[PDB]
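First, one chain by itself: the form deposited in one PDB entry, in structure tokens.
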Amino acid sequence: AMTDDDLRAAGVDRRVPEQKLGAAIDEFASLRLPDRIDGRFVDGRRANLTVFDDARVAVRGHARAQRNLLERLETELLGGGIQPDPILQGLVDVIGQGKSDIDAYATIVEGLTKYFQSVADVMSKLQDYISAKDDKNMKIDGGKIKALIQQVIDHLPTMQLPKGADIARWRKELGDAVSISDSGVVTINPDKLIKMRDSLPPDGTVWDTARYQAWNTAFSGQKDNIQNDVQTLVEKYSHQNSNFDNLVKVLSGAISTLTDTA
């Protein structure tokens, strides 16, 4: 494929997973805890977690479509006694790196989106433990909420980079929202979830509105940090998808040129 319309006709459209990820980000952003505004109790807003499922499905599907297109291009290329022109293997190697990057990013984005989803899930569930008390107070069963948060921390997704992955490069690329082991195991830094957990009072806590709002503001600060981490990684994923499109345009042009000069 040489144009964007050509790419879509070959079954690849990066706008699909990128928009579904954007929708998931908007869903996360929309989540709100209960509050008391000028004295009236306002129910929170919980997350429709299926938006996150839709994003995970689209990211998986896009990676499959990308791999399929590379496989077709590779087949096009492959395609004393004069041996096969070395440029053909060279381009196959470039294709192989492309396949690795597709897979890596799909795995990383799947895992991070599952994490993002699980944070949305806990921030929805925990609202059952915040309620109106008296005419001007809030009750927060914070011990129950700590347990919910710890359940998330305990089950954070891990991801395995492709064999041969340049670990130093991936550490730079992903940043410190994750850790990567020397064997390519990517784990999610639990620091924001820990800060959220440690902010909570015990069960049965009764707070005046002002103290509740101070806590909610701190909690939201951590929530917004997690949203920023995911926004950042979705932007990097979008750059990868742009790189893929450019790779295909390069390979298609190469194949065209080699066909004319054949």
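The first residue of the shown sequence is 1; numbering continues from there. Rigid core (definition): largest C-alpha set, two forms, superposition within 1.5 Å.
Although it is not shown, the form deposited in another entry is what the next lines describe.
Residue showing a CA shift of 2 Å or more between the shown form and the other one (rigid core superposed; candidates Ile167, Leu148, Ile153, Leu88): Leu88. Once the cores line up, the CA of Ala214 ends up less than 2 angstroms apart between the shown form and the other one. After superposition on the rigid core, the Cα atom of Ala29 is displaced by less than 2 Å between the shown form and the other one. The Cα position of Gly204 differs by less than 2 Å between the shown form and the other one after fitting on the rigid core.
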